[PDB]
Every structure is written in structure tokens, then in C-alpha cells.
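Remember, it's 1-based here, ligands and their atoms both numbered in the order they're listed. So you know, we letter chains A, B, ... as the sequences are listed, proteins then strands, and number each from 1.
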Amino acid sequence: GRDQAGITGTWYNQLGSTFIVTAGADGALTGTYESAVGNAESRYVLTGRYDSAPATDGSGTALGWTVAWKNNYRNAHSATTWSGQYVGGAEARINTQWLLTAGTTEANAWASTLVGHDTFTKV
Amino acid sequence: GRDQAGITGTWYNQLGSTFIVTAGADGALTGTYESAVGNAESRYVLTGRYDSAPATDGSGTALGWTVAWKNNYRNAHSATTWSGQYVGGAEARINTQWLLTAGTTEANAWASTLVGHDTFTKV
Amino acid sequence: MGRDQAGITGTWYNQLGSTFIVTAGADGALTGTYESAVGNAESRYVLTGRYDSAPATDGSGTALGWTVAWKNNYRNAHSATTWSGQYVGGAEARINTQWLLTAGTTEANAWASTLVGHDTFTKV
Amino acid sequence: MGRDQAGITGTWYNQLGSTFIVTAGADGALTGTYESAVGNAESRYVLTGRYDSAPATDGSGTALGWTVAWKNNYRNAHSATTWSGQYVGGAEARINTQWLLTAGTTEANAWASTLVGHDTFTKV
Ligand SMILES: O=C(CCCC[C@@H]1SC[C@@H]2NC(=O)N[C@@H]21)N[C@@H]1CC(=O)[C@H](c2cc(CS)cc(CS)c2)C1=O
Ligand SMILES: O=C(CCCC[C@@H]1SC[C@@H]2NC(=O)N[C@@H]21)N[C@@H]1CC(=O)[C@H](c2cc(CS)cc(CS)c2)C1=O
Ligand SMILES: O=C(CCCC[C@@H]1SC[C@@H]2NC(=O)N[C@@H]21)N[C@@H]1CC(=O)[C@H](c2cc(CS)cc(CS)c2)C1=O
Ligand SMILES: O=C(CCCC[C@@H]1SC[C@@H]2NC(=O)N[C@@H]21)N[C@@H]1CC(=O)[C@H](c2cc(CS)cc(CS)c2)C1=O
């Protein structure tokens with residue numbers, strides 16, 4: 001994978017959450033997420049996908065991943081997906097937007113989903 | 001997994017796309033996605049997560065998954081994430097919202113990400 | 001004068017049973033009231049927005065958006081929704097939207113400030 | 001009369017270099033112009049929106065939103081953006097927003113009609 005080495009490792013966002021990911025040659029993302037906010041504690045499984053053969057025109061590398069907020073400690077009956085791109089260079093970044101959906105009744109489904117944006121850096 | 005059987009299988013959305021997924025007892029989602037629209041053809045790997053122990057109060061089951069739009073045929077330098085919930089009963093549904101991010105230059109990153117919503121049914 | 005001024009103007013209903021009453025101006029203005037069937041809302045709220053008053057003539061819809069702040073003379077939910085979408089004319093006219101609802105929060109909770117969803121409005 | 005009428009009113013700039021000039025009314029109205037540094041845009045466009053004119057007094061921000069349709073006397077991009085966010089006062093005042101930009105599309109292409117993003121506005 002072109003950016004397999006760039007992506008693999010530990011990332012931190014502006015909330016102080018910690019994302020540890022392995023990128024596979026085949027496009028796979030696997031790892032763990034630890035949120036510094038919300039109904040969450042310790043690590044949660046994450047899985048996702050990335051473009052393992054990106055353009056070489058200066059564009060970023062598209063990726064996404066999911067966390068369902070159940071681990072051996074807690075269950076927040078919810079899942080977040082991050083969609084974004086990896087940008088390399090002196091100062092690498094993963095810029096994302098996310099969707100967090102909670103399980104709701106049918107009557108409350110209109111208010112099921114939060115949206116936001118996280119920027120991840122290596123330091 | 002509570003809804004392991006409900007989720008596993010073939011789903012279709014309002015665009016005529018086809019999602020085939022296996023839910024694992026541990027929360028895993030694995031399968032393939034085939035879009036009926038956009039810069040896509042044949043199947044793409046998908047991975048994601050679901051709440052394997054949801055509430056039993058009538059609420060839906062939170063889940064999400066990712067597709068990176070590279071397979072052995074095509075590469076659209078982009079990834080979609082779906083965030084949503086599974087709703088069981090007579091007429092089962094997965095109601096989602098999604099984020100599609102394309103790799104862009106830095107100058108064009110403001111226009112990197114589409115948002116939309118897909119509803120999946122079994123028929 | 002606005003191409004779809006007459007199409008847009010009027011009363012619309014969404015899948016939740018909410019009611020959207022809007023006047024489109026020749027200049028691109030949208031003005032009206034919204035009444036939500038759900039949430040911390042009662043009676044009508046002011047809305048204002050904008051639409052493309054000179055759209056393409058190629059089968060494309062007509063881009064528009066509007067905002068409601070959820071304060072009126074009855075209640076205040078310390079929040080605002082924006083709908084962004086397009087109007088699609090014809091037999092079965094529709095306004096297809098996605099929306100963002102932001103509540104006022106502390107700094108610490110701002111990650112959790114904004115709901116997203118989608119509403120489809122029809123005339124009947 | 002609006003609690004943050006004086007805080008909101010004025011000129012704001014985002015991380016792209018766009019310029020947002022807005023007057024907040026006592027009644028919850030927002031009126032002004034937007035000039036984008038990016039995209040199919042040139043010069044100023046009308047904006048209208050709403051804000052919570054009686055917010056909580058507990059550290060929470062002030063919910064607001066506005067719309068711009070991307071048609072003026074120079075150009076038409078057949079599209080509209082809505083910003084949904086909150087104003088946060090103090091030393092380093094900010095309006096933190098997420099936005100939806102919908103273009104007019106055919107029915108067949110409507111799945112690809114809407115961009116989403118986030119803008120942070122400051123006074124300097
Ligand atoms: O809280 C959660 C799970 C944690 C989600 C953290 C997010 S992912 C996007 C962003 N990026 C990060 O690095 N961290 C945040 N779910 C839901 C959402 C929520 O508000 C909720 C919740 C419920 C209750 C009991 S009713 C209390 C609280 C406050 S702790 C949160 C959840 O139970
Ligand atoms: O097209 C794609 C990949 C397919 C995405 C299909 C989406 S997932 C959310 C929704 N739900 C579904 O079941 N299907 C749709 N990427 C990007 C997006 C796009 O517009 C773009 C594209 C580029 C070009 C050449 S510049 C042409 C076209 C028209 S085919 C699309 C892509 O290349
Ligand atoms: O509830 C509100 C205001 C109403 C918003 C209705 C939305 S506009 C997008 C969609 N489309 C429609 O036609 N109707 C819905 N704000 C916030 C949102 C919310 O969840 C919340 C809320 C607070 C409380 C007590 S703090 C209780 C409830 C349940 S009534 C909702 C708010 O107080
Ligand atoms: O470009 C426009 C209008 C300008 C929108 C600027 C956005 S509002 C959210 C963000 N925040 C800001 O302060 N500025 C940006 N519409 C659409 C969007 C787009 O990609 C598109 C476009 C079309 C064409 C030819 S068809 C070329 C280009 C590149 S100039 C963009 C449009 O024609």
C-alpha cells in the first residue's frame with residue numbers, strides 16, 4: 001500500500017482521543033479507538049478501509065472507519081463512522097468528518113445521528 | 001449477537017445498490033458492496049461494526065461500515081462510510097446517513113465530502 | 001419573476017408531519033413559518049432563507065435553503081436548524097433536503113452539538 | 001435587545017479566507033453578505049438567517065444559522081449553502097459551524113447533490 005507506512009500508527013485528535021491503526025497492503029484498516037469524551041472508556045475495536053493505490057498528483061488518500069461503542073466495560077448503543085483523507089508530508093494529518101448514530105425508537109429516529117469533524121495528527 | 005441473524009444477508013437501497021453482509025457474534029460486519037451509481041462497478045470490500053448487545057426497549061441497533069472504492073476493476077480514489085441503525089420486525093430496514101470523501105488537493109479539501117442518506121430493505 | 005416562485009410558494013409537509021409555509025420572492029428570498037411535529041417545539045417559528053431564482057433549464061432541481069431558530073413567544077429550545085436541498089417540480093413536486101440542527105453547548109460538549117438528518121417535503 | 005446582537009453583528013472571516021458581514025436584529029434575524037474565497041463565486045452574495053436572541057446564561061453558546069444562494073449580479077452557481085452553528089463570545093470570539101452545500105441536479109444524480117463541511121469564523 002502506497003501510504004501503508006504513513007497511516008499505520010498512533011493518531012490523536014483535537015479532543016485528546018487516541019486512534020491506533022494498522023493499514024494492510026489490501027486496503028484494510030484495523031485497530032483500536034479510545035475517546036476522551038462521551039459514554040466511552042478504554043479501547044474499542046475499529047475496522048475500516050483506505051485507498052491503497054492513491055493518485056500521485058498531490059491529492060490526499062481517502063479512508064474511513066467505524067467504531068461500535070461496545071467493549072468489555074461499557075455499551076453506549078451507538079456507532080461512529082469517520083470519513084476523510086490522509087495528507088502526508090512534513091506534518092501529516094487525517095482530516096475527517098463523522099456520523100454518530102444511536103439506537104432509537106422509531107418515533108425518535110429523527111434525532112438519532114450527530115455529525116462533527118475531527119482532525120488527527122501524530123503529535 | 002442479538003441481531004446477528006437479522007442483519008446478516010443481502011440488502012438493497014433506493015438507488016438499487018446491493019449490500020451483502022455477515023454479522024459476527026463479536027460485533028464485526030464483513031461483506032461486499034455493489035453501487036448502482038457513480039464511479040463504481042462490481043463488488044467492493046466492506047468492513048464495519050454493530051452493537052452486538054442492543055437495548056431491549058424497542059430501540060434500533062446501531063451500526064456502521066466503510067467501502068473504499070478500489071477493487072480489481074476500478075479505483076475512484078474515495079471512500080464512503082454509512083452510519084445508521086437496524087430496525088427489525090415485519091419489515092426490516094437499515095436506515096443510514098453516509099459520508100463520501102474523495103482524495104483532493106489541500107486547496108480543494110473544502111469540497112472533498114458528499115453527504116447523503118440510504119435506506120436498505122431486504123426486498 | 002423567480003422561475004419557480006409560484007412552485008415553491010405555499011404549504012409543504014414532511015414525513016414527520018411538520019408544516020412549512022413559505023413565500024418565495026422574485027429576488028431569491030424565502031420567508032415564512034415552520035411548525036415541527038417533533039422535538040422541543042410548539043406552534044410556529046419564523047424562517048428565512050434563499051433559493052436560486054434563475055435555475056438551469058436542463059432537468060436539474062432548484063437549489064435552496066432556510067433556517068429556523070427554535071425560539072418563539074411560547075418556548076425556546078436554544079437551537080437552530082438549517083435545511084439545504086433542492087425543489088423538484090412537476091406532477092409530484094418535492095423539496096428534498098438534508099438538515100443540521102445545532103444546539104448551544106458548552107465548549108466541552110461542542111463535539112455533541114449538531115444533529116444531522118433528512119426531510120422530504122411534498123404538497124400533499 | 002438580542003443578548004448577543006452586538007457580539008454577532010459585524011465582519012467575520014473563516015479559515016478559507018471568506019468574509020461574512022452580518023447584522024443581527026433584536027428579533028432573531030440575521031441579514032448580510034457573504035464573499036467566498038473558493039468555488040464558483042465572485043463578489044458578494046445575499047445571506048439571511050436566524051439566531052437565538054435569548055440564549056441560556058450557563059456557558060453555552062448561541063445557536064444560529066444562515067443561507068446563501070450562489071446567484072448574484074455576476075454569476076450563478078445553481079447551488080445554496082446553509083451554515084448551522086453556534087456563536088461563542090469572549091476574548092477570542094468564534095462562530096463554529098458545519099455546512100451543507102446543495103447543487104441543483106437531475107433526479108438520477110441527486111445522490112451526489114450535497115457537500116458537507118465545517119467553517120470556523122473569527123473576528124481577526
Ligand atoms: O457517547 C457515545 C460514545 C462515545 C462517542 C465519542 C465521539 S465519536 C466522535 C467524536 N470524536 C471523538 O474522538 N469522540 C467523539 N455515544 C453516544 C453519544 C452521546 O452523546 C451519548 C451519551 C449518553 C449519555 C447518557 S443518556 C451521556 C453522555 C455524556 S457522557 C453521552 C452516547 O452514549
Ligand atoms: O463515485 C464514486 C464511488 C461510488 C460511490 C457511490 C455512492 S456511496 C453513497 C451512495 N449510495 C450508494 O449505494 N451509492 C452512492 N466516488 C466519487 C463520487 C463521485 O461523484 C465521483 C465521480 C467521478 C467522476 C469522474 S471525475 C464521474 C462520476 C460520474 S460516474 C463520479 C467519484 O468517483
Ligand atoms: O427539539 C428541538 C427543536 C425542534 C427541532 C425539530 C427538528 S428540525 C429537523 C427535523 N425536522 C422537523 O420537521 N423536525 C425536526 N431542538 C433540540 C433538538 C432536540 O433533540 C432537543 C430536545 C430537548 C429536550 C429537553 S432539553 C427534549 C426533547 C424531546 S421533546 C428534544 C432540542 O431541544
Ligand atoms: O462553488 C459553488 C459556490 C461557492 C461555494 C463556496 C463554499 S460554501 C462552504 C465553504 N465555505 C466557504 O467560505 N466557501 C465554501 N457552488 C458549487 C460547489 C462546487 O464545487 C461547485 C463548482 C463548480 C464548478 C464548475 S460546474 C467549478 C468549481 C471550482 S471553481 C466549483 C459549485 O459551483
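In A:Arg93, the CZ atom is crowded: over 12 heavy atoms of neighbouring residues, nucleotides or ligands sit closer than 6.0 Å. In this structure, A:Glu41 places its CD atom where only 12 or fewer heavy-atom neighbours from other residues, nucleotides or ligands lie under 6.0 Å away. Atom CG of C:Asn73 has 12 or fewer neighbouring heavy atoms from other residues, nucleotides or ligands inside a 6.0 Å radius. Heavy atoms of other residues, nucleotides or ligands lying less than 6.0 angstrom from CZ of D:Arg3 number more than 12.
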TODO: Give the C-alpha distance, both sets of side-chain angles, the deciding distance and a yes or no for side-chain hydrogen bond (donor to acceptor under 3.5 Å, both in side chains) between C:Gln15 and C:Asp119.
DONE: CA-CA 7 Å; C:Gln15 69 298 333; C:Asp119 286 358; 3.0 Å; yes
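Of the candidates C:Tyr34, C:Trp70, C:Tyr13, C:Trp99, it is C:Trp99 that places a heavy atom closest to atom 10 (C) of ligand 3. Closest to atom 16 (N) of ligand 2 by heavy atom, among A:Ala62, B:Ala102, B:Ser78, B:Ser35, is B:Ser78.
Given atom 24 (C) of ligand 3, the protein heavy atom at minimum distance is C:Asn40 CB, 4.5 Å. The nearest heavy-atom contact from the protein to atom 18 (C) of ligand 3 is C:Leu101 CD1, 3.7 Å. For atom 7 (C) of ligand 3, the closest non-hydrogen atom on the protein side is A:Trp110 CZ3, 3.7 Å.
Counting only heavy atoms, the protein gets under 4.0 Å from atom 12 (C) of ligand 1. Distance screen at 4.0 Å: atom 4 (C) of ligand 1 has a protein heavy-atom neighbour inside the cut-off. The protein does not reach atom 29 (C) of ligand 1 closely, with no heavy atom under 4.0 angstrom from it. Within a 4.0 Å radius of atom 26 (S) of ligand 1, the protein contributes no non-hydrogen atoms.
Of the heavy atoms in B:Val37, both backbone and side-chain atoms come closer than 4.0 Å to ligand 2. Under 4.0 angstrom from ligand 3, there are no non-hydrogen atoms of C:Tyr45. Residue-level proximity to ligand 3 for C:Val68 is absent, since no heavy atom of it falls below 4.0 angstrom.
Applying the ring pair (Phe, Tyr, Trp, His ring centres under 6.0 Å) test between B:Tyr33 and each of B:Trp98, B:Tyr44, B:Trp82 identifies B:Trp82 as the sole match.
Residues A:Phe120 and A:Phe19 place their aromatic rings such that the two centres sit under 6.0 Å apart.
For the residue pair B:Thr80/B:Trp69, the side-chain donor-acceptor check at 3.5 Å is satisfied. No side-chain donor-acceptor contact under 3.5 Å links C:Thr67 and C:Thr82. There is a side-chain donor-acceptor pair under 3.5 Å between D:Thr102 and C:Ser84.
Those atoms of ligand 2 with a heavy atom of B:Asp118 less than 4.0 angstrom away are 10 (C), 11 (N), 12 (C), 13 (O). Against a heavy-atom cut-off of under 4.0 Å, B:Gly38 is close to the following atoms of ligand 2: 1 (O), 30 (S). Taking every heavy atom of C:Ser18 and a limit of under 4.0 angstrom, the matching atoms of ligand 3 come to 12 (C), 13 (O).
Between C:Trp83 and ligand 3, no pair of N/O atoms sits closer than 3.5 Å. Note: no N/O pair closer than 3.5 Å links C:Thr81 and ligand 3 by distance alone.
To the nearest 0.5 Å, atoms OG1 (C:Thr114) and CD (D:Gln86) are separated by 7.0 Å.
By the 4.0 Å heavy-atom criterion, A:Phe19 is excluded from the residues contacting ligand 1.
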